[PDB]
Structure formats: C-alpha cells, structure tokens
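A.B. asks: below: the sequence, then the experimentally determined structure.
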Amino acid sequence: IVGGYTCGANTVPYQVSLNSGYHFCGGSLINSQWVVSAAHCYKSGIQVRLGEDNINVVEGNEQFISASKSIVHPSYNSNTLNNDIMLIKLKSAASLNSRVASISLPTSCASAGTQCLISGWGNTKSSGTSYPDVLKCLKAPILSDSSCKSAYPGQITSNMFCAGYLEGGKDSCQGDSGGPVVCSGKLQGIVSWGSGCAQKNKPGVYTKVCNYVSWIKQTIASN
Ligand SMILES: [Ca+2]
C-alpha cells in the first residue's frame, strides 16, 4: 500500500496473508474454512495465516492453517487478468473471534464514488521498494467505469473496476495482490493489477466480486 496508514493490529480481521515460506499475497476470509484471493496468486504449498499484524513476528493472535485445495476461476485468463479470482479451502476451520472474522459477500455491486478500505503488506513506495511488516490500510473511492476505461484503454472488462486517485500517490501495490477491497462492510474487490503503483492516471484495478457471488456460493457448497 502506497500513501496509506498503519491499520492497527487486528483491526482488519478478515485480512489473511498467504505464505509459502514467505508472504506472497493477501486474501479475505469469507467463512471459517474458505478464503477468496486473486487467481494470479495461485501456487502450490499455501499456508493461510490469519490474525496477523506484523507478519515477521508471532504476536499471539495468529492461526496458521495449510490449504487443502485451491480453485481458480474456470474462466481466468492470465494474460488479460479477466476473472482474476480464486478460492482457497483451509485444512481445518479457523476459530472465529473479534480478531479473526469473516467478511460478508456483496448482495449488490458497489457504485462509483463508494468509499472502500484496501489493505495489505505490499510495497509502500511507488519508486523503489520497501515492504512493511505491519498491515497497511488505504481509504479510496471506486472510480467511474468511464474514467477507468479512459485510464486503461482496451484493458477493462465487465469483471473489473478501478479504485483510488487519478492524481496518484495513493494505491495498492506489489504484495497487496489478492487482498480485500471492502465497502460498507462487504467484500467488493480483490487487489488485481495496475500500471506501476500510485502513478498519475493509473489507478488500481480490482476484481469485481459481486459478479462472482453465485460461483463462490455454489463452489463452497460442493467442495
Ligand atoms: Ca505475526
């Protein structure tokens, strides 16, 4: 997260870190056994880490649970990043509490102008590299489809939306991939892509979760 703030320990209780020897992506806990992340975060050997703040220190509220299976969206295209969504099932159910909690799926799509919370452990610089160890947060509005398409001609599908600031300076970044965009207590987006980070006229692009609720519910119900 570039141009954000330190969230505060366990203030984003649905935020997970995906770990394969090291943090490589974020995710969102949507019930006791399932995490939603980006399809481009797919790999084998995933451990889901819940209750994290400093991802380099065991602080006492963590739960570490290995994934039993990952399910990439059947229509995911890794070239265009269309349908950039994946489900991860935990080998055992997480113990839900005030610091480890699921986030609700949307009942309706969120509109341009809606304020959302984006979070993650990704790079905090737009040029160069600095990875925080504590969770970072950014409040950002959803942008209009027209401004999104104008920023990224030929690249924005009906399964994507832009959020952030056209002036630059505030954005998600590398390492935030797969993490949540939450608006009015609903998971509306997944950190997907962008051209660099926090660059003028290149806002963050996010997977439009409301298009996938039926797929998510049906997949969970049979897996
Ligand atoms: Ca920790």
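C.D. replies: Yep, it's here. Residues are numbered from 1 along each chain as shown.
A.B. asks: and the spatially most central residue of the chain, what does it touch?
C.D. replies: The residue lying closest to the centre of the chain (C-alpha atoms, centre = their mean) is residue 179, at 1.6 Å. By C-beta atoms under 8 Å, 6 or more residues apart in numbering, the contact list for residue 179 reads 15, 25-28, 37, 118-120, 122, 172, 190-191. The C-beta positions use only the backbone N, C-alpha and C, and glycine is treated the same way.
A.B. asks: hmm, try it at 7 Å
C.D. replies: Taking C-beta atoms under 7 Å, 6 or more residues apart in numbering, we find residue 179 in contact with 15, 26, 27, 119, 120, 191.
A.B. asks: and the last one, what are its bridge partners?
C.D. replies: Looking back up the chat, that one is residue 191. With DSSP bridges as the criterion, residue 191 is bridged to residue 206.
A.B. asks: neighbours of it, just the number please.
C.D. replies: 34 (other C-beta atoms under 10 Å).
A.B. asks: where do the helices sit along the chain?
C.D. replies: In the chain, helices defined by DSSP state H lie at 145-151, 213-221, listed in chain order.
A.B. asks: nearest to the ion, out of the ones you listed?
C.D. replies: helix 213-221 (27.2 Å; C-beta to the ion).
A.B. asks: residue 25 contacts residue 42, doesn't it?
C.D. replies: No - under the criterion of C-beta atoms under 7 Å, residue 25 is not in contact with residue 42, lying 9.2 Å apart.
A.B. asks: the two: which is more packed in?
C.D. replies: The residue with more neighbours, out of residue 25 and residue 42, is residue 25; 27 against 18, by other C-beta under 10 Å.
A.B. asks: how much space separates that one from residue 222?
C.D. replies: Applying C-beta to C-beta, to the nearest Å, the value for residue 25 to residue 222 is 25 Å.
A.B. asks: for residue 77, name its beta-bridge partners.
C.D. replies: Going by DSSP bridges, residue 77 forms beta bridges with residue 82.
A.B. asks: so what's the residue count around it?
C.D. replies: Neighbours of residue 77 (other C-beta under 10 Å): 12.
A.B. asks: any idea how far it lies from residue 190?
C.D. replies: Residue 77 is 15 Å from residue 190, by C-beta to C-beta.
A.B. asks: and residue 22, by the same measure?
C.D. replies: Going from residue 22 to residue 190 by C-beta to C-beta gives 21 Å.
A.B. asks: more neighbours: these two, which one.
C.D. replies: residue 190 (27 against 9).
A.B. asks: list the contacts of that one.
C.D. replies: 36, 37, 38, 84, 85, 178, 181, 206, 207, 209.
A.B. asks: for the closest residue to residue 129 other than its chain neighbours, list the residues it contacts.
C.D. replies: Spatial nearest neighbour of residue 129, chain neighbours left out: residue 123 (5.7 Å); criterion: C-beta to C-beta, 6 or more residues apart in numbering. Applying C-beta under 7 Å, 6+ apart to residue 123 gives the contacts 129, 130, 131, 173, 174, 175, 197.
A.B. asks: same check, this time on residue 101
C.D. replies: Per C-beta under 7 Å, 6+ apart, neighbours of residue 101: 13, 14.
A.B. asks: per the record, what domains does the chain have?
C.D. replies: Per curated CATH domains, the structural domains of the chain span 1-12+103-210, 13-102+211-222.
A.B. asks: let me know which of those is tucked in deepest.
C.D. replies: domain 1-12+103-210 (a mean of 20; mean count of other C-beta atoms under 10 Å).
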